[PDB]
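Quick look at upload_38.pdb (PDB, N, CA and C atoms):
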ATOM      1  N   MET D 841    -150.146 -68.695  64.214
ATOM      2  CA  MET D 841    -150.219 -70.126  64.063
ATOM      3  C   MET D 841    -151.262 -70.736  64.990
ATOM      4  N   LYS D 842    -151.443 -70.194  66.186
ATOM      5  CA  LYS D 842    -152.465 -70.685  67.038
ATOM      6  C   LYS D 842    -153.797 -70.448  66.418
ATOM      7  N   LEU D 843    -153.895 -69.295  65.820
ATOM      8  CA  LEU D 843    -155.134 -68.909  65.140
ATOM      9  C   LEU D 843    -155.519 -69.944  64.112
ATOM     10  N   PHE D 844    -154.586 -70.168  63.197
ATOM     11  CA  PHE D 844    -154.765 -71.170  62.128
ATOM     12  C   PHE D 844    -155.221 -72.475  62.718
ATOM     13  N   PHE D 845    -154.677 -72.716  63.893
ATOM     14  CA  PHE D 845    -154.956 -73.920  64.613
ATOM     15  C   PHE D 845    -156.400 -73.996  65.059
ATOM     16  N   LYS D 846    -156.867 -73.016  65.825
ATOM     17  CA  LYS D 846    -158.246 -73.124  66.251
ATOM     18  C   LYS D 846    -159.128 -73.149  65.019
ATOM     19  N   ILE D 847    -158.713 -72.392  64.049
ATOM     20  CA  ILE D 847    -159.482 -72.243  62.819
ATOM     21  C   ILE D 847    -159.429 -73.399  61.827
ATOM     22  N   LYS D 848    -158.278 -74.042  61.715
ATOM     23  CA  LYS D 848    -158.053 -75.171  60.825
ATOM     24  C   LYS D 848    -159.185 -76.162  60.786
ATOM     25  N   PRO D 849    -159.998 -76.208  61.807
ATOM     26  CA  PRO D 849    -161.054 -77.193  61.765
ATOM     27  C   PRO D 849    -162.287 -76.795  61.013
ATOM     28  N   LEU D 850    -162.761 -75.560  61.251
ATOM     29  CA  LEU D 850    -163.964 -75.069  60.573
ATOM     30  C   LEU D 850    -163.911 -75.257  59.047
ATOM     31  N   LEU D 851    -162.712 -75.535  58.563
ATOM     32  CA  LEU D 851    -162.508 -75.675  57.164
ATOM     33  C   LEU D 851    -162.962 -76.994  56.661
ATOM     34  N   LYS D 852    -162.907 -77.063  55.349
ATOM     35  CA  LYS D 852    -163.278 -78.279  54.653
ATOM     36  C   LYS D 852    -162.395 -78.442  53.423
ATOM     37  N   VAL D 853    -164.382 -79.364  52.743
ATOM     38  CA  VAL D 853    -165.434 -80.365  52.590
ATOM     39  C   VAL D 853    -166.278 -80.033  51.372
ATOM     40  N   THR D 854    -166.678 -78.785  51.273
ATOM     41  CA  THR D 854    -167.511 -78.352  50.139
ATOM     42  C   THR D 854    -166.791 -78.660  48.819
ATOM     43  N   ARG D 855    -165.530 -78.275  48.772
ATOM     44  CA  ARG D 855    -164.727 -78.507  47.555
ATOM     45  C   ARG D 855    -164.705 -80.006  47.222
ATOM     46  N   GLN D 856    -164.442 -80.796  48.242
ATOM     47  CA  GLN D 856    -164.373 -82.248  48.076
ATOM     48  C   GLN D 856    -165.688 -82.761  47.521
ATOM     49  N   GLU D 857    -166.775 -82.313  48.111
ATOM     50  CA  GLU D 857    -168.105 -82.745  47.678
ATOM     51  C   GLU D 857    -168.292 -82.428  46.197
ATOM     52  N   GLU D 858    -167.955 -81.207  45.835
ATOM     53  CA  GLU D 858    -168.100 -80.784  44.428
ATOM     54  C   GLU D 858    -167.293 -81.725  43.512
ATOM     55  N   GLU D 859    -166.059 -81.957  43.915
ATOM     56  CA  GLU D 859    -165.169 -82.828  43.135
ATOM     57  C   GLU D 859    -165.799 -84.210  42.989
ATOM     58  N   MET D 860    -166.282 -84.732  44.094
ATOM     59  CA  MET D 860    -166.898 -86.054  44.106
ATOM     60  C   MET D 860    -168.054 -86.085  43.123
ATOM     61  N   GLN D 861    -168.895 -85.934  45.109
ATOM     62  CA  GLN D 861    -169.355 -86.316  46.454
ATOM     63  C   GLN D 861    -170.526 -85.417  46.878
ATOM     64  N   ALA D 862    -170.324 -84.127  46.697
ATOM     65  CA  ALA D 862    -171.369 -83.152  47.071
ATOM     66  C   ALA D 862    -172.670 -83.469  46.320
ATOM     67  N   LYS D 863    -172.526 -83.686  45.030
ATOM     68  CA  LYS D 863    -173.676 -83.985  44.178
ATOM     69  C   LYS D 863    -174.389 -85.221  44.701
ATOM     70  N   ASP D 864    -173.622 -86.247  44.990
ATOM     71  CA  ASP D 864    -174.189 -87.502  45.487
ATOM     72  C   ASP D 864    -174.997 -87.232  46.755
ATOM     73  N   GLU D 865    -174.394 -86.494  47.664
ATOM     74  CA  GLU D 865    -175.076 -86.173  48.933
ATOM     75  C   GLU D 865    -176.413 -85.466  48.646
ATOM     76  N   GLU D 866    -176.334 -84.480  47.776
ATOM     77  CA  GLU D 866    -177.531 -83.706  47.410
ATOM     78  C   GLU D 866    -178.597 -84.640  46.848
ATOM     79  N   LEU D 867    -178.178 -85.500  45.946
ATOM     80  CA  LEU D 867    -179.091 -86.444  45.309
ATOM     81  C   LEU D 867    -179.766 -87.293  46.371
ATOM     82  N   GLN D 868    -178.972 -87.813  47.282
ATOM     83  CA  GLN D 868    -179.514 -88.663  48.354
ATOM     84  C   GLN D 868    -180.588 -87.890  49.135
ATOM     85  N   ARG D 869    -180.236 -86.674  49.502
ATOM     86  CA  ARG D 869    -181.176 -85.829  50.266
ATOM     87  C   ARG D 869    -182.481 -85.653  49.476
ATOM     88  N   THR D 870    -182.322 -85.332  48.209
ATOM     89  CA  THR D 870    -183.473 -85.117  47.332
ATOM     90  C   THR D 870    -184.335 -86.366  47.307
ATOM     91  N   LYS D 871    -183.698 -87.503  47.131
ATOM     92  CA  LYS D 871    -184.418 -88.775  47.074
ATOM     93  C   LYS D 871    -185.229 -88.963  48.352
ATOM     94  N   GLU D 872    -184.576 -88.742  49.474
ATOM     95  CA  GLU D 872    -185.257 -88.901  50.774
ATOM     96  C   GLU D 872    -186.496 -87.990  50.831
ATOM     97  N   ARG D 873    -186.280 -86.746  50.448
ATOM     98  CA  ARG D 873    -187.371 -85.758  50.459
ATOM     99  C   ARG D 873    -188.516 -86.248  49.579
ATOM    100  N   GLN D 874    -188.168 -86.696  48.394
ATOM    101  CA  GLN D 874    -189.164 -87.182  47.440
ATOM    102  C   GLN D 874    -189.962 -88.309  48.066
ATOM    103  N   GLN D 875    -189.259 -89.248  48.664
ATOM    104  CA  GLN D 875    -189.925 -90.397  49.297
ATOM    105  C   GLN D 875    -190.930 -89.900  50.348
ATOM    106  N   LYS D 876    -190.456 -88.994  51.179
ATOM    107  CA  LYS D 876    -191.318 -88.439  52.243
ATOM    108  C   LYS D 876    -192.570 -87.803  51.619
ATOM    109  N   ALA D 877    -192.335 -87.007  50.598
ATOM    110  CA  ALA D 877    -193.426 -86.316  49.911
ATOM    111  C   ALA D 877    -194.422 -87.334  49.386
ATOM    112  N   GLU D 878    -193.914 -88.360  48.742
ATOM    113  CA  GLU D 878    -194.768 -89.403  48.174
ATOM    114  C   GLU D 878    -195.636 -90.009  49.274
ATOM    115  N   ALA D 879    -194.997 -90.349  50.373
ATOM    116  CA  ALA D 879    -195.732 -90.952  51.505
ATOM    117  C   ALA D 879    -196.862 -90.009  51.957
ATOM    118  N   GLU D 880    -196.496 -88.755  52.120
ATOM    119  CA  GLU D 880    -197.468 -87.743  52.561
ATOM    120  C   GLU D 880    -198.634 -87.686  51.579
ATOM    121  N   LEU D 881    -198.301 -87.642  50.307
ATOM    122  CA  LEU D 881    -199.313 -87.568  49.257
ATOM    123  C   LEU D 881    -200.253 -88.755  49.373
ATOM    124  N   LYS D 882    -199.680 -89.931  49.514
ATOM    125  CA  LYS D 882    -200.491 -91.153  49.625
ATOM    126  C   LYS D 882    -201.466 -91.025  50.804
ATOM    127  N   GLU D 883    -200.921 -90.606  51.929
ATOM    128  CA  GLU D 883    -201.747 -90.447  53.142
ATOM    129  C   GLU D 883    -202.898 -89.469  52.864
ATOM    130  N   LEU D 884    -202.544 -88.356  52.260
ATOM    131  CA  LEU D 884    -203.529 -87.320  51.943
ATOM    132  C   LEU D 884    -204.616 -87.907  51.061
ATOM    133  N   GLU D 885    -204.205 -88.625  50.039
ATOM    134  CA  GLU D 885    -205.155 -89.232  49.106
ATOM    135  C   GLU D 885    -206.118 -90.136  49.870
ATOM    136  N   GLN D 886    -205.556 -90.972  50.717
ATOM    137  CA  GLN D 886    -206.389 -91.902  51.507
ATOM    138  C   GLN D 886    -207.419 -91.107  52.332
ATOM    139  N   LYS D 887    -206.921 -90.084  52.995
ATOM    140  CA  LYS D 887    -207.785 -89.241  53.833
ATOM    141  C   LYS D 887    -208.906 -88.648  52.984
ATOM    142  N   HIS D 888    -208.532 -88.119  51.841
ATOM    143  CA  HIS D 888    -209.495 -87.501  50.934
ATOM    144  C   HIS D 888    -210.567 -88.512  50.565
ATOM    145  N   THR D 889    -210.133 -89.698  50.195
ATOM    146  CA  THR D 889    -211.080 -90.755  49.803
ATOM    147  C   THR D 889    -212.070 -91.014  50.948
TER     148      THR D 889
ATOM    149  N   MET L 841    -192.563 -72.985  62.352
ATOM    150  CA  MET L 841    -191.995 -74.295  62.542
ATOM    151  C   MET L 841    -192.329 -75.227  61.384
ATOM    152  N   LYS L 842    -193.510 -75.103  60.791
ATOM    153  CA  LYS L 842    -193.817 -75.896  59.658
ATOM    154  C   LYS L 842    -192.904 -75.550  58.535
ATOM    155  N   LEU L 843    -192.659 -74.273  58.438
ATOM    156  CA  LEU L 843    -191.764 -73.762  57.399
ATOM    157  C   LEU L 843    -190.415 -74.435  57.480
ATOM    158  N   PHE L 844    -189.820 -74.305  58.658
ATOM    159  CA  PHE L 844    -188.509 -74.923  58.942
ATOM    160  C   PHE L 844    -188.527 -76.371  58.541
ATOM    161  N   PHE L 845    -189.693 -76.942  58.760
ATOM    162  CA  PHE L 845    -189.913 -78.325  58.474
ATOM    163  C   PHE L 845    -189.838 -78.620  56.992
ATOM    164  N   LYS L 846    -190.663 -77.963  56.184
ATOM    165  CA  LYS L 846    -190.581 -78.279  54.773
ATOM    166  C   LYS L 846    -189.182 -77.960  54.290
ATOM    167  N   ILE L 847    -188.651 -76.911  54.844
ATOM    168  CA  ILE L 847    -187.337 -76.422  54.442
ATOM    169  C   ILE L 847    -186.127 -77.197  54.947
ATOM    170  N   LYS L 848    -186.206 -77.706  56.167
ATOM    171  CA  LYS L 848    -185.149 -78.479  56.802
ATOM    172  C   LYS L 848    -184.473 -79.468  55.890
ATOM    173  N   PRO L 849    -185.126 -79.882  54.838
ATOM    174  CA  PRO L 849    -184.473 -80.860  54.000
ATOM    175  C   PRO L 849    -183.518 -80.312  52.985
ATOM    176  N   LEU L 850    -183.936 -79.248  52.282
ATOM    177  CA  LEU L 850    -183.082 -78.633  51.260
ATOM    178  C   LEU L 850    -181.666 -78.323  51.770
ATOM    179  N   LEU L 851    -181.527 -78.364  53.084
ATOM    180  CA  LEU L 851    -180.285 -78.040  53.695
ATOM    181  C   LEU L 851    -179.311 -79.153  53.608
ATOM    182  N   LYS L 852    -178.120 -78.799  54.042
ATOM    183  CA  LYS L 852    -177.027 -79.749  54.071
ATOM    184  C   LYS L 852    -176.146 -79.463  55.281
ATOM    185  N   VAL L 853    -175.295 -78.536  50.034
ATOM    186  CA  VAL L 853    -175.816 -79.814  49.551
ATOM    187  C   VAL L 853    -175.484 -79.973  48.079
ATOM    188  N   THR L 854    -175.750 -78.939  47.313
ATOM    189  CA  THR L 854    -175.481 -78.987  45.867
ATOM    190  C   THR L 854    -173.999 -79.308  45.626
ATOM    191  N   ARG L 855    -173.930 -77.666  44.193
ATOM    192  CA  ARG L 855    -173.282 -77.345  42.907
ATOM    193  C   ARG L 855    -172.656 -78.614  42.307
ATOM    194  N   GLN L 856    -171.938 -79.326  43.149
ATOM    195  CA  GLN L 856    -171.267 -80.553  42.720
ATOM    196  C   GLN L 856    -172.292 -81.527  42.165
ATOM    197  N   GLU L 857    -173.372 -81.701  42.893
ATOM    198  CA  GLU L 857    -174.427 -82.626  42.475
ATOM    199  C   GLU L 857    -174.935 -82.233  41.091
ATOM    200  N   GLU L 858    -175.216 -80.955  40.933
ATOM    201  CA  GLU L 858    -175.722 -80.459  39.638
ATOM    202  C   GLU L 858    -174.720 -80.803  38.519
ATOM    203  N   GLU L 859    -173.466 -80.504  38.794
ATOM    204  CA  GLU L 859    -172.401 -80.766  37.814
ATOM    205  C   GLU L 859    -172.382 -82.250  37.461
ATOM    206  N   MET L 860    -172.432 -83.077  38.482
ATOM    207  CA  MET L 860    -172.404 -84.523  38.295
ATOM    208  C   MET L 860    -173.555 -84.942  37.396
ATOM    209  N   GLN L 861    -171.419 -85.440  35.887
ATOM    210  CA  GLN L 861    -172.489 -85.034  34.962
ATOM    211  C   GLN L 861    -173.736 -85.896  35.204
ATOM    212  N   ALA L 862    -173.508 -87.194  35.266
ATOM    213  CA  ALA L 862    -174.625 -88.133  35.485
ATOM    214  C   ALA L 862    -175.351 -87.786  36.793
ATOM    215  N   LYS L 863    -174.562 -87.583  37.826
ATOM    216  CA  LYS L 863    -175.109 -87.257  39.144
ATOM    217  C   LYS L 863    -175.952 -85.999  39.049
ATOM    218  N   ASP L 864    -175.411 -84.992  38.400
ATOM    219  CA  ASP L 864    -176.117 -83.717  38.250
ATOM    220  C   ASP L 864    -177.465 -83.953  37.576
ATOM    221  N   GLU L 865    -177.432 -84.701  36.493
ATOM    222  CA  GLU L 865    -178.676 -84.992  35.752
ATOM    223  C   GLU L 865    -179.697 -85.663  36.688
ATOM    224  N   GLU L 866    -179.215 -86.658  37.403
ATOM    225  CA  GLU L 866    -180.079 -87.400  38.333
ATOM    226  C   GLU L 866    -180.682 -86.440  39.354
ATOM    227  N   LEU L 867    -179.836 -85.600  39.908
ATOM    228  CA  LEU L 867    -180.271 -84.635  40.915
ATOM    229  C   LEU L 867    -181.367 -83.758  40.340
ATOM    230  N   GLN L 868    -181.134 -83.253  39.147
ATOM    231  CA  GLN L 868    -182.122 -82.381  38.494
ATOM    232  C   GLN L 868    -183.466 -83.115  38.377
ATOM    233  N   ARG L 869    -183.386 -84.339  37.892
ATOM    234  CA  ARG L 869    -184.609 -85.151  37.721
ATOM    235  C   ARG L 869    -185.332 -85.293  39.069
ATOM    236  N   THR L 870    -184.558 -85.630  40.079
ATOM    237  CA  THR L 870    -185.105 -85.819  41.422
ATOM    238  C   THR L 870    -185.797 -84.546  41.873
ATOM    239  N   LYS L 871    -185.127 -83.430  41.691
ATOM    240  CA  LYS L 871    -185.680 -82.138  42.098
ATOM    241  C   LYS L 871    -187.024 -81.915  41.411
ATOM    242  N   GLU L 872    -187.041 -82.146  40.114
ATOM    243  CA  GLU L 872    -188.287 -81.958  39.342
ATOM    244  C   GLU L 872    -189.407 -82.834  39.933
ATOM    245  N   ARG L 873    -189.062 -84.084  40.162
ATOM    246  CA  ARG L 873    -190.033 -85.040  40.716
ATOM    247  C   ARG L 873    -190.555 -84.525  42.055
ATOM    248  N   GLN L 874    -189.638 -84.095  42.892
ATOM    249  CA  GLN L 874    -189.992 -83.589  44.217
ATOM    250  C   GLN L 874    -190.965 -82.434  44.076
ATOM    251  N   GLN L 875    -190.640 -81.511  43.197
ATOM    252  CA  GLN L 875    -191.502 -80.339  42.984
ATOM    253  C   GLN L 875    -192.916 -80.798  42.596
ATOM    254  N   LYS L 876    -192.960 -81.710  41.647
ATOM    255  CA  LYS L 876    -194.258 -82.232  41.177
ATOM    256  C   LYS L 876    -195.035 -82.837  42.356
ATOM    257  N   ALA L 877    -194.336 -83.648  43.120
ATOM    258  CA  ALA L 877    -194.943 -84.313  44.275
ATOM    259  C   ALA L 877    -195.502 -83.269  45.226
ATOM    260  N   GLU L 878    -194.706 -82.264  45.511
ATOM    261  CA  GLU L 878    -195.120 -81.202  46.429
ATOM    262  C   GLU L 878    -196.410 -80.562  45.919
ATOM    263  N   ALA L 879    -196.411 -80.231  44.645
ATOM    264  CA  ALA L 879    -197.604 -79.597  44.044
ATOM    265  C   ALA L 879    -198.832 -80.504  44.238
ATOM    266  N   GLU L 880    -198.638 -81.768  43.921
ATOM    267  CA  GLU L 880    -199.727 -82.749  44.047
ATOM    268  C   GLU L 880    -200.229 -82.778  45.486
ATOM    269  N   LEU L 881    -199.296 -82.844  46.410
ATOM    270  CA  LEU L 881    -199.631 -82.895  47.831
ATOM    271  C   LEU L 881    -200.465 -81.681  48.200
ATOM    272  N   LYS L 882    -200.010 -80.522  47.779
ATOM    273  CA  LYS L 882    -200.728 -79.275  48.087
ATOM    274  C   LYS L 882    -202.172 -79.367  47.571
ATOM    275  N   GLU L 883    -202.290 -79.792  46.329
ATOM    276  CA  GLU L 883    -203.622 -79.917  45.709
ATOM    277  C   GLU L 883    -204.499 -80.864  46.544
ATOM    278  N   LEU L 884    -203.919 -81.991  46.891
ATOM    279  CA  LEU L 884    -204.633 -83.001  47.675
ATOM    280  C   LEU L 884    -205.100 -82.389  48.983
ATOM    281  N   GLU L 885    -204.205 -81.691  49.646
ATOM    282  CA  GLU L 885    -204.528 -81.064  50.928
ATOM    283  C   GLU L 885    -205.719 -80.129  50.755
ATOM    284  N   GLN L 886    -205.644 -79.301  49.734
ATOM    285  CA  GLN L 886    -206.738 -78.342  49.472
ATOM    286  C   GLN L 886    -208.067 -79.099  49.296
ATOM    287  N   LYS L 887    -208.006 -80.132  48.478
ATOM    288  CA  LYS L 887    -209.202 -80.942  48.205
ATOM    289  C   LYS L 887    -209.749 -81.509  49.512
ATOM    290  N   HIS L 888    -208.859 -82.058  50.308
ATOM    291  CA  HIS L 888    -209.242 -82.655  51.584
ATOM    292  C   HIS L 888    -209.944 -81.617  52.440
ATOM    293  N   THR L 889    -209.349 -80.446  52.529
ATOM    294  CA  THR L 889    -209.932 -79.367  53.341
ATOM    295  C   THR L 889    -211.359 -79.069  52.860
TER     296      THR L 889
END
Could you render the structure as structure tokens?
Amino acid sequence: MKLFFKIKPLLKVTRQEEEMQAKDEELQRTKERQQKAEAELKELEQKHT
Amino acid sequence: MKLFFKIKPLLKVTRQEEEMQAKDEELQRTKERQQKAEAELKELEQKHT
């Protein structure tokens, strides 16, 4: 029982995300990445010009 | 370190997102867009060089 105890925390979240939530989080991350990429691209284009 | 950098984002993120049916679709679209952006950026960088 002590074991379960120290261990009980490392557990989750992944399941919950899948049920939801996980997809939403992933989407958000992707969006952020895309935005960053776009910004970088714009900068690169300017530099190239 | 650059590697970790481009990569640091993909981390968390999914399966749930993909499933979401609407969410999943959105995620897929976002991913595609991101990929395209990345390709464009790479091309731009090469041109700049």
Which residues of chain D are close to chain L, meaning at most 9 Å apart when you count only C-alpha atoms, and how do they look as a PyMOL selection string? chain D and resi 854-875+877-878+880-882+884-885+887-889
Now that the selection is made, can you save its residues with N, CA and C atoms as a short mmCIF file (atom, residue, chain, number, x, y, z; two decimals), keeping the file's coordinate frame?
data_model
loop_
_atom_site.label_atom_id
_atom_site.label_comp_id
_atom_site.auth_asym_id
_atom_site.auth_seq_id
_atom_site.Cartn_x
_atom_site.Cartn_y
_atom_site.Cartn_z
N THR D 854 -166.68 -78.78 51.27
CA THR D 854 -167.51 -78.35 50.14
C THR D 854 -166.79 -78.66 48.82
N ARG D 855 -165.53 -78.28 48.77
CA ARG D 855 -164.73 -78.51 47.56
C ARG D 855 -164.70 -80.01 47.22
N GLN D 856 -164.44 -80.80 48.24
CA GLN D 856 -164.37 -82.25 48.08
C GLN D 856 -165.69 -82.76 47.52
N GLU D 857 -166.78 -82.31 48.11
CA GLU D 857 -168.10 -82.74 47.68
C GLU D 857 -168.29 -82.43 46.20
N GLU D 858 -167.96 -81.21 45.84
CA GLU D 858 -168.10 -80.78 44.43
C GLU D 858 -167.29 -81.72 43.51
N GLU D 859 -166.06 -81.96 43.92
CA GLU D 859 -165.17 -82.83 43.14
C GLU D 859 -165.80 -84.21 42.99
N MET D 860 -166.28 -84.73 44.09
CA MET D 860 -166.90 -86.05 44.11
C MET D 860 -168.05 -86.08 43.12
N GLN D 861 -168.90 -85.93 45.11
CA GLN D 861 -169.36 -86.32 46.45
C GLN D 861 -170.53 -85.42 46.88
N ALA D 862 -170.32 -84.13 46.70
CA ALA D 862 -171.37 -83.15 47.07
C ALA D 862 -172.67 -83.47 46.32
N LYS D 863 -172.53 -83.69 45.03
CA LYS D 863 -173.68 -83.98 44.18
C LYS D 863 -174.39 -85.22 44.70
N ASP D 864 -173.62 -86.25 44.99
CA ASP D 864 -174.19 -87.50 45.49
C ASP D 864 -175.00 -87.23 46.76
N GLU D 865 -174.39 -86.49 47.66
CA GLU D 865 -175.08 -86.17 48.93
C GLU D 865 -176.41 -85.47 48.65
N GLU D 866 -176.33 -84.48 47.78
CA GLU D 866 -177.53 -83.71 47.41
C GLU D 866 -178.60 -84.64 46.85
N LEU D 867 -178.18 -85.50 45.95
CA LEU D 867 -179.09 -86.44 45.31
C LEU D 867 -179.77 -87.29 46.37
N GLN D 868 -178.97 -87.81 47.28
CA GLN D 868 -179.51 -88.66 48.35
C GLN D 868 -180.59 -87.89 49.14
N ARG D 869 -180.24 -86.67 49.50
CA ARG D 869 -181.18 -85.83 50.27
C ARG D 869 -182.48 -85.65 49.48
N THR D 870 -182.32 -85.33 48.21
CA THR D 870 -183.47 -85.12 47.33
C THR D 870 -184.34 -86.37 47.31
N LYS D 871 -183.70 -87.50 47.13
CA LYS D 871 -184.42 -88.78 47.07
C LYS D 871 -185.23 -88.96 48.35
N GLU D 872 -184.58 -88.74 49.47
CA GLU D 872 -185.26 -88.90 50.77
C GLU D 872 -186.50 -87.99 50.83
N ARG D 873 -186.28 -86.75 50.45
CA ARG D 873 -187.37 -85.76 50.46
C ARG D 873 -188.52 -86.25 49.58
N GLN D 874 -188.17 -86.70 48.39
CA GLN D 874 -189.16 -87.18 47.44
C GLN D 874 -189.96 -88.31 48.07
N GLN D 875 -189.26 -89.25 48.66
CA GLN D 875 -189.92 -90.40 49.30
C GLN D 875 -190.93 -89.90 50.35
N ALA D 877 -192.34 -87.01 50.60
CA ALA D 877 -193.43 -86.32 49.91
C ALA D 877 -194.42 -87.33 49.39
N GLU D 878 -193.91 -88.36 48.74
CA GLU D 878 -194.77 -89.40 48.17
C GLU D 878 -195.64 -90.01 49.27
N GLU D 880 -196.50 -88.76 52.12
CA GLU D 880 -197.47 -87.74 52.56
C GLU D 880 -198.63 -87.69 51.58
N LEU D 881 -198.30 -87.64 50.31
CA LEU D 881 -199.31 -87.57 49.26
C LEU D 881 -200.25 -88.76 49.37
N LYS D 882 -199.68 -89.93 49.51
CA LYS D 882 -200.49 -91.15 49.62
C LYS D 882 -201.47 -91.02 50.80
N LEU D 884 -202.54 -88.36 52.26
CA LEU D 884 -203.53 -87.32 51.94
C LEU D 884 -204.62 -87.91 51.06
N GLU D 885 -204.20 -88.62 50.04
CA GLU D 885 -205.16 -89.23 49.11
C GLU D 885 -206.12 -90.14 49.87
N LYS D 887 -206.92 -90.08 53.00
CA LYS D 887 -207.78 -89.24 53.83
C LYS D 887 -208.91 -88.65 52.98
N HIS D 888 -208.53 -88.12 51.84
CA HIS D 888 -209.50 -87.50 50.93
C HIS D 888 -210.57 -88.51 50.56
N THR D 889 -210.13 -89.70 50.20
CA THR D 889 -211.08 -90.76 49.80
C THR D 889 -212.07 -91.01 50.95
#
Residual C-alpha RMSD for chain L onto chain D, least squares, all atoms in order? 13.3 Å
Those of chain D in DSSP alpha helix (DSSP H), formatted as a ChimeraX atom specification: /D:842-847,854-856,862-888
